[PDB]
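Chemist: Residue numbers (PDB author numbering), protein chains in the order written: chain A, 10 to 344; chain 1, 22 to 134; chain Z, 2 to 61; chain C, 14 to 445; chain I, 1 to 26; chain y, 19 to 46; chain F, 8 to 45; chain E, 8 to 84; chain K, 10 to 46; chain T, 1 to 28.
Note that the Cβ used here is the ideal one computed from N, Cα and C, for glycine as well.
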Amino acid sequence: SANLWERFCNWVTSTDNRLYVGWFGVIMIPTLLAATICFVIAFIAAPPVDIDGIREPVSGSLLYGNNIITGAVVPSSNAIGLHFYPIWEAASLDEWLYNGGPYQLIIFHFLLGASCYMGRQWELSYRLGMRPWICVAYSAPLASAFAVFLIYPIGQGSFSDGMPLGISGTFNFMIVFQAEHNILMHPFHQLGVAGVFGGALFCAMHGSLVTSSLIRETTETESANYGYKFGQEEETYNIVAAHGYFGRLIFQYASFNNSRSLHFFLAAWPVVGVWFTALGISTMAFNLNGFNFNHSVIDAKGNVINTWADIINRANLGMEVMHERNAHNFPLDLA
Amino acid sequence: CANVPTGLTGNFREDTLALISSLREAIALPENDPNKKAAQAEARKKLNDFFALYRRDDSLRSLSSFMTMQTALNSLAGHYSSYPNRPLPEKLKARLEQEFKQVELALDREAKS
Amino acid sequence: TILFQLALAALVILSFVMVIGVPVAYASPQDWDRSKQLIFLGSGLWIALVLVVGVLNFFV
Amino acid sequence: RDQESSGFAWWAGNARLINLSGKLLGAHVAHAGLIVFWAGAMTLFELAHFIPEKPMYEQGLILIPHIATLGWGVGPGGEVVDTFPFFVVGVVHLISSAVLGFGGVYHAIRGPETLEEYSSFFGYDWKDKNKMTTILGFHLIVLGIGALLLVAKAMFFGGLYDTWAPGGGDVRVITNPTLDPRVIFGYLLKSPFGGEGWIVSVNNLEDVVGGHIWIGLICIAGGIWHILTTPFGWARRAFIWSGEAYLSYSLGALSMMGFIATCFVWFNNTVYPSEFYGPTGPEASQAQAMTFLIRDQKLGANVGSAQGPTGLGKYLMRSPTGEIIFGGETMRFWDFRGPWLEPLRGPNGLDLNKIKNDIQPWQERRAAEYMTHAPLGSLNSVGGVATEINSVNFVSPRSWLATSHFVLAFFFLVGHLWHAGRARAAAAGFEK
Amino acid sequence: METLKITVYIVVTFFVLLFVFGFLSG
Amino acid sequence: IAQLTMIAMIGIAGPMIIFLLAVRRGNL
Amino acid sequence: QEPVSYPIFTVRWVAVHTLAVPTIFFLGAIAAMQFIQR
Amino acid sequence: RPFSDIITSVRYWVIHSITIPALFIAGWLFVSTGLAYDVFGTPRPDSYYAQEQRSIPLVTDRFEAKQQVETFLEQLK
Amino acid sequence: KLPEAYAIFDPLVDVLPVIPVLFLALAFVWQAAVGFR
Amino acid sequence: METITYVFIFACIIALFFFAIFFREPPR
Ligand code: CLA
Ligand code: CLA
Ligand code: CLA
Ligand code: CLA
Ligand code: CLA
Ligand code: CLA
Ligand code: CLA
Ligand SMILES: CC1=C(/C=C/C(C)=C/C=C/C(C)=C/C=C/C=C(C)/C=C/C=C(C)/C=C/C2=C(C)CCCC2(C)C)C(C)(C)CCC1
Ligand SMILES: CC1=C(/C=C/C(C)=C/C=C/C(C)=C/C=C/C=C(C)/C=C/C=C(C)/C=C/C2=C(C)CCCC2(C)C)C(C)(C)CCC1
Ligand SMILES: CC1=C(/C=C/C(C)=C/C=C/C(C)=C/C=C/C=C(C)/C=C/C=C(C)/C=C/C2=C(C)CCCC2(C)C)C(C)(C)CCC1
Ligand SMILES: CC1=C(/C=C/C(C)=C/C=C/C(C)=C/C=C/C=C(C)/C=C/C=C(C)/C=C/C2=C(C)CCCC2(C)C)C(C)(C)CCC1
Ligand SMILES: [Cl-]
Ligand SMILES: [Fe+3]
Ligand SMILES: [Mn+2]
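#1: Is the closest heavy atom of ligand 9 to the C-beta of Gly117 (chain C) under 8 angstroms?
#2: Chain E beta carbons: is any one of them nearer than 9 angstroms to that of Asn338 (chain A)?
#3: So what does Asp183 (chain C) bridge to, in DSSP terms?
#4: Distance cutoff 9 angstroms, beta carbons only. Does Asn87 (chain A) sit that close to anything in chain C?
#5: For the segment 429-440 of chain C and the segment 72-91 of chain A, state whether three or more C-beta atom pairs, one from each stretch, are separated by less than 8 angstroms.
#6: Along the segment 359-390 of chain C, where does the CB come closer than 9 angstroms to a CB of chain K? Name the residues.
#7: How many Å lie between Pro374 (chain C) and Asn106 (chain 1) at the Cα?
#8: Can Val51 (chain Z) and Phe5 (chain Z) be called in contact, C-beta distance under 9 angstroms?
#9: Pick out whichever of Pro279 (chain A), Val58 (chain A), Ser305 (chain A) and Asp308 (chain A) has its Cα sitting closest to the Cα of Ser153 (chain A).
#10: What's the gap between the Cα of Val184 (chain C) and the Cα of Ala49 (chain 1)?
#11: Leaving out five residues before and five after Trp47 (chain Z) in sequence, what residues of the same chain have Cβ atoms less than 8 angstroms from its Cβ?
#12: Bridge partners for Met330 (chain C) per DSSP, in chain order?
#13: Would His386 (chain C) be called buried (16 or more neighbouring beta carbons within 10 Å of its own) or exposed?
#14: Only counting the same chain, and skipping five residues up and downstream in sequence, which positions put a Cβ closer than 7 angstroms to that of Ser412 (chain C)?
#15: Taking the alpha helix (DSSP H) that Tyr285 (chain C) falls in, what are its first and last residues?
#16: Quick one: what does DSSP say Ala81 (chain A) is sitting in, helix, strand or coil?
#17: With DSSP as the reference, label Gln299 (chain C) as helix, strand or coil.
#18: Kindly confirm or deny that the segment 248-267 of chain A and the segment 115-133 of chain A touch, where touching means at least three C-beta pairs closer than 8 angstroms.
#19: Are the CB atoms of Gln299 (chain C) and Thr343 (chain C) within a distance shorter than 9 angstroms?
#20: Does the beta carbon of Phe197 (chain A) fall short of 8 angstroms from some heavy atom of ligand 3?
#21: Kindly say whether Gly166 (chain A), judged by its beta-carbon, lies nearer than 9 angstroms to any beta-carbon of chain C.
#22: Would you mind sorting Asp220 (chain C) into buried or exposed? The rule is 16 or more other CB atoms within 10 Å of its CB.
#23: Measuring straight from C-alpha to C-alpha, what distance separates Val30 (chain K) and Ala45 (chain C)?
#24: Looking at the secondary structure, which residues open and close the alpha helix (DSSP H) in which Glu15 (chain A) lies?
#25: Between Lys144 (chain C) and ligand 6, is the CB less than 8 angstroms from at least one heavy atom?
#26: Tell me whether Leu113 (chain C), by its Cβ, gets closer than 8 angstroms to a heavy atom of ligand 6.
This is the structure:
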């Protein structure tokens, strides 16, 4: 030996590893591994979790009669609020399972691990000496997860207001959220929608255009590695029917005539989009709701005329009253 | 560290009992004297300077003595703010008396326990 | 009283001619020597004027 | 010079000021005039629509509450007792902006481009460690003195608005903060999670003033150090030493101060009284339950001797630590503390007897008033949930404060990464 | 149940200390 | 009224400051 | 592309006049709608 | 030919600074004289409801549709 | 409201808070004046 | 009946992960 520390540092920072294990990665594997082992055990076999603190539970496990679509990891009890609730603060194992302990374990380790993934990205890109900005493009789903799992709960006052980890659980969260805050008319959610449809659309456009122009591609290969001449043949003419549509829309909006603005714009669109909606979800965490119109049209007789906004307010009311077991005397509320 | 020089000391029970007897005798004072108006000035300031100095400690909220005298000082102060220049019913003087007695009993029974 | 209104009106129309006056006095390269004096005495006047309206505020 | 050929455009015209030290001083000092101008204008504009008998949060006041907490213009009970102090600060800011603006337009249209070949005492560069550490040292000492201004206002010029006095809150002069560091630095060892809170759990003005004593003196101490002490070897190898980097380092701190500012305004109640800002998040709900408990007990039958169709609690229930708290969807709240609620608690929490016969007038009216205007908001400033009709209008000023400062904090995180990458790219160089 | 408390504290400090000593190990 | 005049004046003072400079060559 | 001489009708000419004339009519409509009292 | 050059060509200005106001004013009068309501069949805002009726006009037959609208309009609905 | 020996300035303050933004607005016209860089 | 089917299909996905990482086709 050379005294294990020197071997250990070479082992960690090696880029000849099949899977890079950096110094972020050294935190990342235990956290992500804990999160996933707890998740699959909980999803399969966590007994029903009381979620309103009235001793009426909800089953999310698969051995208690769910399928893939109806199952979930049920969030923490409403009694707990925002308290930190490790397993040694409970007094028995069965009551830690009855109050929804594991859910907090999963999300805390998951956010740590998914942050370290971004770190590990930045570090490896630093070793190969390339412009390290793949990480800022990833910071958009990461920002989104902070907003949905950590911040909206804090803003409302409890982790009982978090998103369940399950398929129908997400749908339940979405519907209830629209009921209490009117997300559709929030302009930031609109920026979000725009961003992901536009991302999908520009993905199809780019792909279709590129695969029509490529001709043949070959790069020299050796018996242990790769070559140093990347050959590539493409078509190099286009017509004036993609000059009134593509040419004088893109040269004018990109602010360049250069091809290097294509791939800069491709990533900018959805990233900005998902930041905007990630920001919006947090502003409703402090209850700044979106536009809603009731009684924006009245005639000069003094009778009200309805509009589409009022129909959506009716449907929202319908969802919202169904969500409320707690009392029938509630005038003005949340949080 | 560091208590006010307005009479108080660091040992709660002592300056508490003192403050209790002071304001007991103070509200026991006739209203046909022109010093009553003066009395309310020192009453109000010593209320504030006790409560704000002793509210800070977290331990003594697990006692009953502090929690009950708190209510007492609060009712006194609330009537003070409710009618500044008008004395208060003797219903509330009996109520104030009640919880002073029970606070005193509680201080003395927690001294040994 | 009359003198207090005279001051506040005078101050606001003074500040309003001065807000155009001071940048161009610095900006113009032609005859900076002559402009420096008037902006000096105007600044003096303007702070004096806010004092007198402020001191007559306590009587009005 | 004054046209392209320095490597930037006209939307990075600001970037032409990096080496032009006099113009750069000019831009900052003129910008500072704008901040003061906005303060003065907004305050006067807010006074002009203020009614001095209707509270400071159904109208949309956001900056006169800041004046009120310094004890200016409020008497005992949390009311307005004349609107004249608001006017004094309003026009004081407004006129000082003039002379700020005068010096700005002077240094940015006439003054020397280079302040290094004027004098060496206001000269600087972004590579000379000694000048820049002296500027930092001066800014530290003046900030430390500024912090001590609030212990002065709290001690000598008539106290601050104490929310925890027993009349319902009133102005009070602090004549004893606590300097025993075990409290002051103790808050920073709390966990941020519920049941305690981090430093957004502080709840008496004594810790506030005493912490200000400690921070003021330590800031002046560090400011005395950083004039007489040049940067050390390990330090000079750790960072980049360029001029845009310092702006990056600053941006990284302002990002964090934003998120904790939102926590401060949204949760805390002692350095943000609830009679000048609206009801807090938890306290609204708590008041609603307490008002209802009183109402349905004095008319009808008791409900803290009766369990409902819930199977645990009806109006009162036990916590996960066995403590009597409100029931409903408001059992997520039991850490809350307020000046109107504590006189109803015993050592075990709520005792229904106390709720029956220890109610004072201000408690009950304040609670029912708070209950009506729970913190809801929207961009068109329509009251209630975004299902309700135009029958009630309200947004809580706390909602606005929190949301805007959170949004800008995120954008400063983007800008921090932007200037960080800029600095690193410049300093490495790669072909240098 | 307290052995659990100490085993998580211990294993956690181990991982955190090797990550912080790692960035100073070049 | 004599209380709309200033809002009217203020509102048109912007381009005056720059038109007076384009003549007096304090900028091009 | 289209000759610089540009006779009165041109592919370009109709394209920019079937998106100019209705819009100036319609923006004049909407502007008038702003001062209708509810 | 760049659009900037033909837009600031004298030939454009001489005709178009006469026709542009005419179009803006023609739109403005199409709304202001009350005609916009009479061409597109959009009700005036004091008249969506009849005196007698508190119910909405609703179509219930396709071949006697215009007949049902003609009836609804005479009763001032 | 304002004091009523300063009360004529009710309309004046209805526009004060927005002159900051008009400074940004003036910046651009300075760039439009010099035809840009 | 149903749940065994669910976990078996899960298990062979994660196995397929392992196969795609440590046994990819050598591209020559
Ligand atoms: C708080 C302190 C702060 C300071 C002092 C700086 C300082 C600096 N930044 Mg900035 N920046 C910050 C925060 C800060 N930044 C934040 C929070 C972000 C994220 C938004 C950025 C993002 C940013 C970018 C992306 C760029 C700079 C650049 C610059 C530098 C060059 C000069 C320049 O053009 O600036 C002034 C900037 C401009 C004139 C650009 C204006 C661009 C638009 C489109 C803004 C319009 C906003 C407007 C209010 C919206 C409504 C308008 C309405 C009429 C429709 C400069 C010294 C530029 C540079 O070259 O850096 C070296 C460059 O490319 N900055
Ligand atoms: C809002 C804040 C702000 C501030 C404080 C500055 C400040 C500065 N910029 Mg910048 N800039 C800004 C916004 C700002 N800019 C924006 C929004 C843009 C986008 C358009 C730019 C684009 C830009 C460019 C293109 C350039 C600068 C340059 C400069 C600096 C050099 C001085 C100069 O060339 O003046 C010349 C200006 C004049 C001759 C006229 C100035 C008029 C004055 C000072 C006052 C007008 C307001 C008011 C009436 C004053 C009343 C005063 C009274 C109350 C006392 C100056 C320090 C320049 C530079 O880098 O120089 C090397 C350069 O060429 N900037
Ligand atoms: C960021 C801090 C901040 C906060 C929290 C507030 C909060 C408040 N202001 Mg205010 N204000 C601010 C900064 C701020 N202001 C600044 C910098 C200006 C001067 C430019 C003003 C100018 C101002 C005026 C003129 C008025 C208020 C008023 C009010 C209050 C009433 C609600 C209302 O109309 O709000 C409106 C909310 C805001 C102005 C906060 C920011 C709004 C955002 C970020 C909108 C941006 C829209 C965007 C450009 C385009 C659409 C969205 C896009 C995504 C598609 C509210 C309590 C009103 C009042 O009467 O108070 C009693 C009123 O009329 N403020
Ligand atoms: C906030 C930062 C700041 C800074 C760093 C400067 C820096 C400078 N300004 Mg200044 N200025 C500012 C804000 C600032 N200014 C503002 C807000 C205004 C409007 C009021 C002005 C108006 C102004 C004018 C009109 C002039 C300057 C001048 C000067 C320069 C000459 C050096 C000199 O004599 O200094 C020291 C200054 C003096 C001896 C003159 C004033 C003495 C006074 C009244 C106050 C003393 C303040 C303070 C107690 C001194 C601290 C000393 C310290 C070592 C402890 C210097 C480069 C002058 C110059 O030479 O510019 C080319 C000049 O003509 N400035
Ligand atoms: C890279 C590290 C770093 C960081 C994190 C900062 C951060 C900061 N700098 Mg900066 N700076 C740096 C390096 C850095 N700087 C270098 C190398 C230079 C050149 C010398 C500068 C030059 C510089 C200038 C020129 C200025 C700053 C200022 C400031 C601060 C003001 C922002 C504000 O409003 O907060 C409000 C500010 C505070 C609350 C600060 C007081 C902080 C307290 C009470 C204690 C600090 C305790 C410390 C963390 C304990 C650990 C010490 C360690 C040795 C163990 C911000 C905190 C500005 C300033 O003067 O602020 C006063 C300013 O003008 N800095
Ligand atoms: C000689 C030391 C010295 C001193 C005293 C100052 C002082 C100051 N500089 Mg600074 N500066 C220095 C050297 C110094 N500088 C050097 C060498 C340079 C390089 C050329 C600069 C460059 C510089 C820049 C670029 C900037 C400053 C700014 C500031 C001021 C803003 C702080 C504030 O708002 O305080 C508010 C008040 C307190 C926190 C407490 C005040 C407590 C007491 C008792 C003192 C009151 C007097 C003092 C002069 C401040 C008066 C403020 C006035 C509005 C009332 C400030 C007081 C900035 C600014 O905003 O200036 C307008 C800015 O952008 N300075
Ligand atoms: C606010 C402005 C400011 C600025 C810019 C500086 C700038 C600097 N100081 Mg300094 N300092 C200041 C104020 C300031 N100081 C004050 C007020 C004090 C007195 C309290 C000190 C005392 C101090 C000393 C004694 C020394 C420095 C040193 C340094 C320099 C080296 C870099 C460094 O170590 O960063 C500071 C270090 C870090 C940022 C790294 C450690 C970070 C910590 C401790 C984070 C721990 C996080 C914690 C566990 C998280 C809890 C979260 C919670 C939610 C639970 C740098 C030039 C050294 C130097 O060269 O000075 C010339 C030196 O000898 N500083
Ligand atoms: C230069 C320099 C500097 C700077 C400084 C500064 C920044 C300054 C500022 C200053 C200022 C900025 C000041 C202030 C001004 C203002 C004033 C002082 C005000 C006045 C007013 C008054 C007093 C009031 C009045 C009134 C009354 C009384 C009543 C009625 C109303 C009225 C408003 C009219 C330094 C030191 C850094 C450095 C060195 C150099
Ligand atoms: C550089 C530059 C810039 C910037 C600028 C600035 C930033 C400035 C500032 C400035 C300022 C910052 C200003 C201020 C002003 C103010 C004034 C001018 C005022 C006046 C007034 C007064 C002084 C008061 C009065 C009164 C009284 C005393 C009482 C009663 C009421 C009254 C109101 C009447 C720009 C971007 C634009 C452009 C480019 C360049
Ligand atoms: C008691 C009290 C108080 C006070 C408090 C205090 C005293 C606070 C402070 C606070 C603070 C003062 C905070 C902050 C701290 C600091 C920090 C948080 C730092 C950080 C740092 C870092 C994280 C680092 C990083 C790094 C490394 C490691 C390497 C190199 C590079 C870098 C820089 C990246 C008050 C007034 C509230 C009132 C009530 C009571
Ligand atoms: C002292 C005083 C005062 C003063 C004030 C002043 C300082 C004035 C001036 C102001 C100003 C200085 C203003 C300005 C204005 C400006 C403007 C308003 C403009 C803006 C811009 C724009 C609107 C834009 C435009 C454009 C066009 C048009 C086209 C294309 C391009 C562009 C977009 C650029 C007063 C009265 C408060 C009273 C108390 C005291
Ligand atoms: Cl539900
Ligand atoms: Fe591609
Ligand atoms: Mn909810």
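Modeler: In terms of the structure at hand:
#1: Position 104 of the fourth sequence, counted from the start, is the residue given in the question as residue 117 (chain C). Yes, the Cβ of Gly117 (chain C) comes within 8 angstroms of a heavy atom of ligand 9.
#2: As a working note, residue 338 (chain A) is residue 329 in the first sequence. No - not a single Cβ of chain E is within 9 angstroms of the one on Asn338 (chain A).
#3: Numbered from 1 along the fourth sequence, position 170 holds the residue referred to as residue 183 (chain C). Paired residues: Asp175 (chain C).
#4: One-based indexing of the first sequence puts residue 87 (chain A) at position 78. Interface residue, yes.
#5: The segment 72-91 of chain A and the segment 429-440 of chain C do not touch, with fewer than three beta-carbon pairs separated by less than 8 angstroms.
#6: none
#7: Position 361 of the fourth sequence, counting from 1, holds the residue named residue 374 (chain C). Position 85 of the second sequence, counting from 1, holds the residue named residue 106 (chain 1). Near 17 angstroms, if we compare the C-alpha coordinates of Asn106 (chain 1) and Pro374 (chain C).
#8: As a first step, residue 51 (chain Z) is located in the third sequence; it is residue number 50 there, counting from the start. As a first step, residue 5 (chain Z) is located in the third sequence; it is residue number 4 there, counting from the start. Against a cut-off of 9 angstroms, the Cβ pair of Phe5 (chain Z) and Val51 (chain Z) comes out as no contact.
#9: The sequence position of residue 153 (chain A) within the first sequence is 144, counting from 1. Selected option, being the one with the closest Cα: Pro279 (chain A).
#10: On the fourth sequence, position 171 is the one that residue 184 (chain C) refers to. On the second sequence, position 28 is the one that residue 49 (chain 1) refers to. Cα-Cα distance, rounded: 28 angstroms.
#11: Within the third sequence, numbered from 1, the residue matching residue 47 (chain Z) stands at position 46. Excluding sequence positions up to five before and after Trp47 (chain Z), its CB lies within less than 8 angstroms of the CB of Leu12, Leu15, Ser16 and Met19, all in the same chain and listed in chain order.
#12: Reading the fourth sequence from its first residue, position 317 is the one you call residue 330 (chain C). Paired residues: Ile338 (chain C).
#13: Numbered from its first residue, the fourth sequence carries residue 386 (chain C) at position 373. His386 (chain C) comes out buried.
#14: Locating residue 412 (chain C) in the fourth sequence gives position 399, counting from the first residue. Taking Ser412 (chain C) as the centre and dropping the five residues before and after it, the same chain places the C-beta of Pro388 and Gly390 closer than 7 angstroms to its C-beta, in chain order.
#15: In the fourth sequence, the residue the question calls residue 285 (chain C) occupies position 272. For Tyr285 (chain C), there is no enclosing alpha helix (DSSP H), as DSSP marks it with neither H nor E.
#16: Residue mapping note: residue 81 (chain A) aligns to position 72 of the first sequence, counting from 1. Strand.
#17: The residue you call residue 299 (chain C) lines up with position 286 of the fourth sequence. Helix.
#18: As far as the Cβ criterion goes, the segment 248-267 of chain A does not touch the segment 115-133 of chain A, which means the pair count is below three.
#19: Here residue 343 (chain C) refers to the residue found at position 330 when the fourth sequence is read from its first residue. Here residue 299 (chain C) refers to the residue found at position 286 when the fourth sequence is read from its first residue. For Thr343 (chain C) and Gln299 (chain C), yes; Cβs fall inside 9 angstroms.
#20: Taking the first residue of the first sequence as position 1, residue 197 (chain A) is located at position 188. Yes; taking the cut-off as 8 angstroms, the Cβ of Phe197 (chain A) has a heavy atom of ligand 3 nearer than that.
#21: Here residue 166 (chain A) refers to the residue found at position 157 of the first sequence. Chain C, which has a Cβ nearer than 9 angstroms to the Cβ of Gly166 (chain A), makes this yes.
#22: Position 207 of the fourth sequence, counted from the start, is the residue given in the question as residue 220 (chain C). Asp220 (chain C) is buried by the Cβ-count criterion.
#23: The residue you call residue 30 (chain K) lines up with position 21 of the ninth sequence. The residue you call residue 45 (chain C) lines up with position 32 of the fourth sequence. Taking the straight line from one Cα to the other gives about 14 angstroms.
#24: Position 6 of the first sequence, counted from the start, is the residue given in the question as residue 15 (chain A). Note, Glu15 (chain A): alpha helix (DSSP H), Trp14 to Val21.
#25: Sequence index remark: in the fourth sequence, residue 144 (chain C) carries index 131 (1-based). For ligand 6, at least one heavy atom lies less than 8 angstroms from the Cβ of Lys144 (chain C).
#26: Position 100 of the fourth sequence, counting from 1, holds the residue named residue 113 (chain C). Correct: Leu113 (chain C) has its Cβ closer than 8 angstroms to ligand 6.
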